[PDB]
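Below: one structure, written as structure tokens.
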Amino acid sequence: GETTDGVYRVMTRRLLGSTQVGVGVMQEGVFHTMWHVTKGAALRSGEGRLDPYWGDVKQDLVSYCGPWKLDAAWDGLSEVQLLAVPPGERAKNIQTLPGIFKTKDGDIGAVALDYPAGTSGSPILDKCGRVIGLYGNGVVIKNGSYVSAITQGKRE
Amino acid sequence: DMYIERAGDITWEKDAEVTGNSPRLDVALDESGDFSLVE
Ligand SMILES: Cn1ncc2c(C(=O)Nc3ccc4c(c3)CNC4)cc(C3CC3)nc21
């Protein structure tokens, strides 16, 4: 099917009409998304099939057709860009300065933007346009809002 | 059965909408990859 580099919508026809369950990045013949979007199920791209290659429920990441290729990371200083791909709406870049998720295993980036759960998998970019992580896994704060972490995989 | 559709190129766009705050949150990650606020 289509394996051109870029950002893609993850849809399903299992419910009423076509519903967007998430987003993903195609880079170097590998489609990268969040595990909670596809649950490790095979994906379709026209007549072609995309089979899972790597996945981890704790990291909440999954790769298709090959190993994880995205290796860039937030510098802890600069403003990033969430390339948001919302259900039924056109892709839109939103520049923001991330906060920090402080954990027992180290600090991670965190973008505080408000989008439907179906926006999960949309890439977060650095000034060079490099994917420094995926948007869609985080926490609910005091005002009911969602704050997502910047989730990156490991390149071997 | 899930399927993918192209939604565009991945590039940084200058003069984009600049919004969102930067909060520092003490969190915990469980075995299921689910985050939770620590207090
Ligand atoms: C506003 N809002 N409310 C909920 C959500 C979620 C969400 O449920 N993520 C999720 C679900 C299941 C699992 C994991 C994450 C990881 N383990 C399994 C995602 C987003 C993304 C746009 C930010 N917004 C949400």
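Each chain gets a letter, A, B and so on, in the order the sequences are listed, and its residues count up from 1. Side chains included, hydrogens not; waters and symmetry mates left out as well; all remaining heavy atoms used.
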Checking [X] side chain against [Y] main chain: does a donor-acceptor pair fall under 3.5 Å?
X: A/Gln27; Y: A/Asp5; value: no
X: A/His32; Y: A/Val62; value: no
X: A/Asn137; Y: B/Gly33; value: yes
X: B/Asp26; Y: A/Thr103; value: no

Using side-chain contact (heavy atoms from CB on, under 4.5 Å) as the criterion, point out the one residue from A/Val30, A/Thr33, A/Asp51 that pairs with A/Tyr64.
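With A/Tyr64 as partner, side-chain contact (heavy atoms from CB on, under 4.5 Å) holds for just one option, A/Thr33.
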
Could you tell me if the side chain of [Y] sits less than 4.5 Å from the side chain of [X], heavy atoms only?
X: A/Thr96; Y: A/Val80; answer: yes
X: B/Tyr3; Y: A/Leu50; answer: no
X: A/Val25; Y: B/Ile10; answer: yes
X: A/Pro67; Y: A/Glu156; answer: no
X: A/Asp56; Y: A/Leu61; answer: no
X: A/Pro98; Y: B/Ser22; answer: no

Under the criterion side chain to side chain contact (heavy atoms under 4.5 Å, CB included), I'd like the reasoning laid out for A/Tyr115 against A/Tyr135: C-alpha separation, chi angles, the key distance, then a yes or no.
CA-CA 10 Å; A/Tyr115 282 86; A/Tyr135 165 78; 3.4 Å; yes

How far apart are the closest heavy atoms of [X] and [Y], and which atoms are they?
X: A/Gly66; Y: A/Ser63; value: O-OG, 2.8 Å
X: A/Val23; Y: A/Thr119; value: CG2-O, 3.6 Å
X: A/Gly133; Y: A/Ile150; value: CA-CG2, 3.9 Å
X: A/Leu125; Y: B/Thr11; value: CD1-O, 3.5 Å
X: A/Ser148; Y: A/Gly136; value: OG-N, 3.0 Å
X: A/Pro123; Y: A/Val131; value: CB-CG1, 3.7 Å

Point-to-point distance, once rounded to the nearest 0.5 Å, from [atom1] of [X] to [atom2] of [Y]:
X: A/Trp35; Y: A/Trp54; atom1: CH2; atom2: CH2; value: 12.0 Å
X: A/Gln20; Y: A/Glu89; atom1: CD; atom2: CD; value: 9.5 Å
X: B/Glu17; Y: A/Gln81; atom1: CD; atom2: CD; value: 11.0 Å
X: A/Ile124; Y: A/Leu70; atom1: CD1; atom2: CG; value: 11.5 Å
X: A/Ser45; Y: A/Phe31; atom1: OG; atom2: CZ; value: 8.5 Å
X: A/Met34; Y: A/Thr151; atom1: CE; atom2: OG1; value: 4.0 Å

Please say whether more than 12 non-hydrogen atoms of neighbouring residues, nucleotides or ligands are located less than 6.0 Å from CG in B/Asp30.
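For B/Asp30, atom CG is crowded (more than 12 foreign heavy atoms under 6.0 Å).
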
Are [Y] and [X] connected into the same hydrophobic cluster when the rule is that any two of I, L, V, M, F, W, Y join if their side-chain heavy atoms are below 4.5 Å apart?
X: A/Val111; Y: B/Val27; answer: no
X: A/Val37; Y: A/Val57; answer: yes
X: B/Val18; Y: A/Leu113; answer: no
X: A/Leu134; Y: A/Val85; answer: yes
X: A/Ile141; Y: B/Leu29; answer: yes

Between B/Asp9 and B/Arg6, is the closest basic N to carboxylate O distance under 4.0 Å?
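Salt bridge present between B/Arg6 and B/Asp9.
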
Can B/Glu39 and A/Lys142 be counted as an ion pair, charged N to O under 4.0 angstrom?
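Result for this pair is no, no salt bridge flagged.
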
Can you confirm if the aromatic rings of B/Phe35 and A/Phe101 lie within a centre distance of less than 6.0 Å?
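Yes, they do, as the ring centres are separated by less than 6.0 Å.
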
Verify salt bridge (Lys or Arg N to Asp or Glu O under 4.0 Å) between A/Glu28 and A/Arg155, making sure each step is shown before the conclusion.
CA-CA 13 Å; A/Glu28 309 157 40; A/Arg155 169 152 209 169; 3.2 Å; yes

Is a donor from one side chain sitting under 3.5 angstrom from an acceptor on the other, for [X] and [Y]?
X: A/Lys58; Y: B/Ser32; result: no
X: A/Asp114; Y: A/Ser145; result: yes
X: A/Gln152; Y: A/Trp68; result: yes

Can you check side chain to side chain contact (heavy atoms under 4.5 Å, CB included) on A/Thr38 and A/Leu43, steps first, answer last?
CA-CA 8 Å; A/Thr38 76; A/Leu43 306 171; 3.7 Å; yes

Side chain to side chain contact (heavy atoms under 4.5 Å, CB included) for A/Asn93 and A/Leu82? Distances and angles first, verdict last.
CA-CA 6 Å; A/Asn93 297 67; A/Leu82 163 60; over 6 Å; no

Give the intermediate values and the outcome of side chain to side chain contact (heavy atoms under 4.5 Å, CB included) for residues A/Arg44 and B/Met2.
CA-CA 6 Å; A/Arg44 161 174 58 86; B/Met2 296 180 178; over 6 Å; no

